[PDB]
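# Summary of structural features
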Amino acid sequence: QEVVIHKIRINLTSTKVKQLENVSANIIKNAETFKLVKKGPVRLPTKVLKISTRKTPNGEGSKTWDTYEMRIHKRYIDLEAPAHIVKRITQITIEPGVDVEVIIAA
Amino acid sequence: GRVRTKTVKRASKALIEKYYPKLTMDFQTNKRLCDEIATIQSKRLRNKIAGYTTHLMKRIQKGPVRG
Amino acid sequence: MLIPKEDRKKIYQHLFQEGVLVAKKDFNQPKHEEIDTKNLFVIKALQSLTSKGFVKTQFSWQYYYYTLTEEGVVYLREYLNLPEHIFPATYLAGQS
Amino acid sequence: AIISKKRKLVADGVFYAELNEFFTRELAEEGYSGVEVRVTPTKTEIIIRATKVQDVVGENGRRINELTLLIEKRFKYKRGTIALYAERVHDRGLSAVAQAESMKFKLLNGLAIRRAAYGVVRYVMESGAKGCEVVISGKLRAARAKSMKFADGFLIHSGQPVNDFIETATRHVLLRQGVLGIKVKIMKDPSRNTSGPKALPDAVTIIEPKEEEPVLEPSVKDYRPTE
RNA sequence: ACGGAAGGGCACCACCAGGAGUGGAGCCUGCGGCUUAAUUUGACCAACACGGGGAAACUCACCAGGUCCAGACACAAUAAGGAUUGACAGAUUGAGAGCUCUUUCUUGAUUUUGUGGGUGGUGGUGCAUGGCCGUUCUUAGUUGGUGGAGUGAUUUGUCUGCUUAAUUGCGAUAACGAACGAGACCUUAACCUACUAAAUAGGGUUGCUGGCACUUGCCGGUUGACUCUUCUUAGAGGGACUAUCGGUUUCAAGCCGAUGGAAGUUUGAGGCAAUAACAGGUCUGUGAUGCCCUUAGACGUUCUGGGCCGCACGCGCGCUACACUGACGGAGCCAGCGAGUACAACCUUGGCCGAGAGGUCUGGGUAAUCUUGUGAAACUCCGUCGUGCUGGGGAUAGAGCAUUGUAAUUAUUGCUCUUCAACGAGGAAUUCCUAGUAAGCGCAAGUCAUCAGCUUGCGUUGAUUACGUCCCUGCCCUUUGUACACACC
Ligand SMILES: [Mg+2]
Ligand SMILES: [Mg+2]
Ligand SMILES: [Mg+2]
Ligand SMILES: [Mg+2]
Ligand SMILES: [Mg+2]
Ligand SMILES: [Mg+2]
Ligand SMILES: [Mg+2]
Ligand SMILES: [Mg+2]
Ligand SMILES: [Mg+2]
Ligand SMILES: [Mg+2]
Ligand SMILES: [Mg+2]
Ligand SMILES: [Mg+2]
Ligand SMILES: [Mg+2]
Ligand SMILES: [Mg+2]
Ligand SMILES: [Mg+2]
Ligand SMILES: [Mg+2]
Ligand SMILES: [Mg+2]
Ligand SMILES: [Mg+2]
Ligand SMILES: [Mg+2]
Ligand SMILES: [Mg+2]
Ligand SMILES: [Mg+2]
Ligand SMILES: [Mg+2]
Ligand SMILES: [Mg+2]
Ligand SMILES: [Mg+2]
Ligand SMILES: [Mg+2]
Ligand SMILES: [Mg+2]
Ligand SMILES: [Mg+2]
Ligand SMILES: [Mg+2]
Ligand SMILES: [Mg+2]
Ligand SMILES: [Mg+2]
Ligand SMILES: [Mg+2]
Ligand SMILES: [Mg+2]
């Protein structure tokens, strides 16, 4: 008796791209397989996590710096979909690196 | 300062020596041929290879050449 | 170290009961966590036991990893005078 | 647990650094190679790739268990929510960490420096590697410092091919007169390097053309018409 | 290796033509010297706004003092009629320190005093070491296998030429095949009316409204609906390869020009970046570390206060200025990098107070959602000033109001009123830089409880003059000479 739509939301994170895109594509394919209405894998600006650091551990040497960084890609998805199939989708197809989070928002 | 170092020249030479009947005068057709008949990893190297292949083909069309 | 015997008793009983400790290197802190006593003599008592040859220590990123060897188990069992058929939580076969 | 997502990823990275350095400290005698941290909806699986898997597990599977316990206290986890897993290295020759630790161990037993280094290089190229290199720096049988290089095959140095194929390892060895520094570099076979490109950037492969016969001039080979 | 020897090529850490400067002034900061109890220390192109070194406590390493053992373990030794521990109150102390004493009370084998040993050390040695980074060297340079020449150290391959940013190629050849470097490669910046899509981004139509017009239209508001992805995003891809053409080239590598392009400097900018080496720096980043030193009134650790900021003086990065292309008033109103609270208290809107700093009450934001369209400065328009060290310049001081802070004096910092100094475009000399570049202008992030005149990034306005050379300073290859090899110091 879970016919009430939860208008659920699936958001993602990672420091990589191919695995995150793969997980999103599998999520969309699973949603399409059971006739689910959705808003697509909307892309979010890749947040560049940057730290500048001096290379010399002792200050001696010509002034030389470096910039380490990652990017975080988010690609949230929301579904106007039934209950059990959505949750089963969330607990399946999980890849290390990409982090899945689910918000009911009902 | 474009000199087209060893790799592109040698690859184009082998491309001509093994596939002259299929190569043409046009850059784009030879680019597609380079894509399909040879596994160039990147695409900038692919474009350079196709360009030098076209240049060598034009030189051959003008006349016979060394090497 | 001068540890009052009841705090040392707590150290020993927790250590034998479950076998492992972390004991942040930061001294002078009020209470060590899941022990309700000062971290300082926790570290010192574990150092004394290691010097005896009962606890293997491993320092990495200030967290003083501690583990009990078999002679340590025997010594703790004799000190805590507990029956000789109970093993620390590590020995429990919590396998796959 | 609510925290900024960028900070959460930074914490995940520093936690992986935590685990890797702690396992390097502990399982060094085990020929430790690497650690993978997989996160499931319920369990935080921690796969340990090491050489002596059976000793890593220990008798009756107790050692792994106690190791697990330490983690549950190092990060304030909960029982069952985290679980270790020991796995044999796919090929101990290719991994730089295992070779560096093994030849550090061989140095610890007073084995000849040149002999150990050359044996390591020989084994690495026996494993199928496309090139190995070892730098041993320090007080090699002299008070003055000196660095010995033992290389075989070819090792690239520029471009992410440095990151993609050749893997490096740095270790310190304590002796009775000082510290020796060990750098080990291996350029794996690009054709066998899965999960990425399978060749160098300038590696060009040309498909050999197929040979055919042209003489058939008229050759109107009629098929059965269909409608 | 060097040559005030030759050949051929390069470099705004070289110059020519220039631009902006510094060096003159005041100040901030970093060194030296002096001074001091200490003014802790390491660096002297490749030291000097460097050690992330913007230190009031901590930091800390120095100084005057006061605590404690955080001396494991083994043995001996005392010792359960006390090995020992701790303390109210007073003297003592800076202390509400049982540190030391007066008295006494408490505590139970953990300890106490000796031996061995072990730890701790921002103690010494970077001329014992690792790791890292810097430099030689941003140049194009290295290397070994067979083969040739040498008795040999070595040499040829690695070169007569031309070309390239390139040991980049065309080639000639006792050289043939190869390896590292360069290139290739990744990140980033462009171009995508082609694909996928979007209430955490925008747009259209239409609602429901506001106003002005009265013609159906203009500028708005609404998280009401339908629809779309051009811009904003980010994935897969496309695109440029010197493409076409014309010159010039043993007609080959390649160069020059025009056209089409978005892009024709390797498309711009970077990230990695070879062999060999320095007695280059770092023990002061490391629980990296050998040796030496110390390890009890300690060079361990902690507490209080002071210093790292003193000042007859010299030097190095910079900041504000010397004004009219300006200062000061109003008004216009334009960004892109960021960042932001949990076991803590961050970014702050909005409403009230105060003249301001600021204060208070609420509300958002764990982030394309909220600060935020960061409504930033330079800039623009209209006025006051009018060549007067003047309304420039804002240093040095006096008084007061607040904020952070356990604590602000030796002014932390912000704000209000006043005194307003030197400074007239700065000698010798010297620094950086050829296109969204220099320069001007600010903002964000790292330091951060509070503090930048610093650095790392970002964007605004945006040029003059080259598009060359070996004259100065050097670099690469070749030839030559050398009585040099710790190599012209
Ligand atoms: Mg290469
Ligand atoms: Mg490269
Ligand atoms: Mg100069
Ligand atoms: Mg000049
Ligand atoms: Mg100036
Ligand atoms: Mg001056
Ligand atoms: Mg001066
Ligand atoms: Mg001084
Ligand atoms: Mg230089
Ligand atoms: Mg200060
Ligand atoms: Mg102090
Ligand atoms: Mg201090
Ligand atoms: Mg003192
Ligand atoms: Mg120390
Ligand atoms: Mg040195
Ligand atoms: Mg180099
Ligand atoms: Mg020979
Ligand atoms: Mg030679
Ligand atoms: Mg579009
Ligand atoms: Mg032509
Ligand atoms: Mg480039
Ligand atoms: Mg030391
Ligand atoms: Mg000290
Ligand atoms: Mg100072
Ligand atoms: Mg400087
Ligand atoms: Mg004025
Ligand atoms: Mg903006
Ligand atoms: Mg005046
Ligand atoms: Mg600074
Ligand atoms: Mg030039
Ligand atoms: Mg001589
Ligand atoms: Mg002389």
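## Brief notes about the environment of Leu27(D)
Residues and elements named next belong to chain D. Mapped onto the elements, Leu-27 comes out in the loop between helix 1 (5-26) and strand 1 (32-39). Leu-27 gets classed as buried once you look at its relative accessible area, which sits at 0%. It is 9.8 Å that separates the C-alpha atoms of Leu-27 and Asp-55, two residues lying 28 residues apart in sequence. Once residues lying within four places of it in the same chain are set aside, the contact partners of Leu-27 are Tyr-32, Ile-48, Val-56, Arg-63 and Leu-67.

## Let's talk about the sheet that holds strand 4 (residues 131-138) of chain D
Residue and element names in this part refer to chain D. Strand order in the open sheet made by the four strands is 5-4-7-6, with antiparallel pairing throughout. Each edge of the open sheet is held by one strand with a lone partner, namely strand 5 (146-153) and strand 6 (166-174). Within this sheet the neighbouring strands show an average axis-to-axis angle of 10 degrees, counted without direction. Here strand 4 runs beside strand 7 (residues 179-187); their pairing, made up of six bridges, is antiparallel. Bridge pairing in strand 7 links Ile-136 to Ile-182.

## Some thoughts on the protein's contact with RNA strand E
Near RNA strand E there are 105 residues, and of these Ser62(A), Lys6(B), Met1(C), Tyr64(C) and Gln160(D) occur at the shortest range. What you see for RNA strand E is that sugar and phosphate hold 77% of its atoms within 4 Å of the protein. Here a phosphate oxygen of RNA strand E sits 2.9 Å away from a polar atom, N or O, in the main chain of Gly1(B). Contact between RNA strand E and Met1(C): a sugar or linking oxygen at 2.2 Å from a main-chain N or O atom of the residue. Broken down by element, the surface near RNA strand E gets its largest block of residues, ten residues, from helix 3 (residues 44-62) of chain B. When the residues that make up the surface near RNA strand E are grouped by side-chain class, the tally is 31 nonpolar, 35 polar and 39 charged.

## With respect to the interface of chain D and chain B
With 13 residues of chain D at the contact, the number on the chain B side is 13 residues. Among the residues of chain D in contact with chain B, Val204(D), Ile206(D) and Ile207(D) are the three that bury the most area, contributing 47% of the side total. Connecting chain D to chain B are zero salt bridges. Here the side of chain D that touches chain B is composed, by residue class, of nine nonpolar, one polar and three charged. As judged from the two bridges shared by strand 1 (residues 38-39) of chain B and strand 8 (residues 205-206) of chain D, these two strands associate in the antiparallel manner. Looking at the pairing, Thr39(B) lines up with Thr205(D) of strand 8 of chain D.

## A look at the interface of chain D and chain C
Between chain D and chain C, the contact holds 18 residues from the first and 23 residues from the second. Carbon and sulfur atoms make up 54% of the area that chain D and chain C hide from each other, which totals about 2000 Å². When the area that chain D buries against chain C is broken down by residue, the three leading residues are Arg62(D), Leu70(D) and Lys73(D), summing to 28%. Applying the counting rule to chain D against chain C returns three salt bridges. Two residues, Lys73(D) and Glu18(C), come together in a salt bridge whose shortest N-O distance is 3.1 Å.

## Observations regarding the nonpolar core
The nonpolar side chains of soluble globular proteins are, as a tendency, buried together. All names here are of chain D. Within the largest apolar cluster, 26 residues are counted, with the highest numbers of intra-cluster contacts made by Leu-19, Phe-23, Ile-46, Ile-48, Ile-71 and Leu-84. Among the elements of the structure, helix 1, strand 1, strand 2 (44-50), helix 2 (53-57), helix 3 (62-74) and strand 3 (82-88) are those that each provide at least two residues to this core. Per-element tally for this core: the top contributor is helix 3, with five residues. Residues contacting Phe-23, with those up to four places away along its chain left out, are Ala-28, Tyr-32, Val-35, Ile-46, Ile-48, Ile-71 and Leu-84. Among the nonpolar cores identified, the runner-up in size contains 23 residues, and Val-124, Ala-129, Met-148 and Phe-150 belong to it.

About the cut-offs
- Residues numbered from 1 in each chain as written, not as in the entry; some residues may be left out.
- Chains lettered and ligands numbered in written order.
- Part of a larger assembly, values for the part shown.
- Heavy atoms only, no water.
- Residues with missing side-chain atoms left out of burial classes, pairs and counts.
- Helix = DSSP H or I, 4+ residues; strand = E, 2+ residues; numbered from the N terminus.
- Buried < 20%, exposed > 50% of the residue type's maximum accessible area, 1.4 Å probe, protein only.
- Contact = heavy atoms within 4.5 Å.
- Pairing = 2+ DSSP bridges.
- Axes fitted to C-alpha atoms, helices over the stretch in contact; angles between N-to-C directions.
- Near = heavy atom within 4 Å.
- Polar contact = N/O pair within 3.5 Å; in protein donor to acceptor, adjacent residues only side chain to side chain.
- Nonpolar A, V, L, I, M, F, W, Y, C, P; charged D, E, K, R; others polar.
- Buried area = accessible area lost by both parts, 1.4 Å probe.
- Salt bridge = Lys/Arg side-chain N within 4 Å of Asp/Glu carboxyl O.
- Core = buried A, V, L, I, M, F, W, Y, C linked by side-chain atoms within 4.5 Å.

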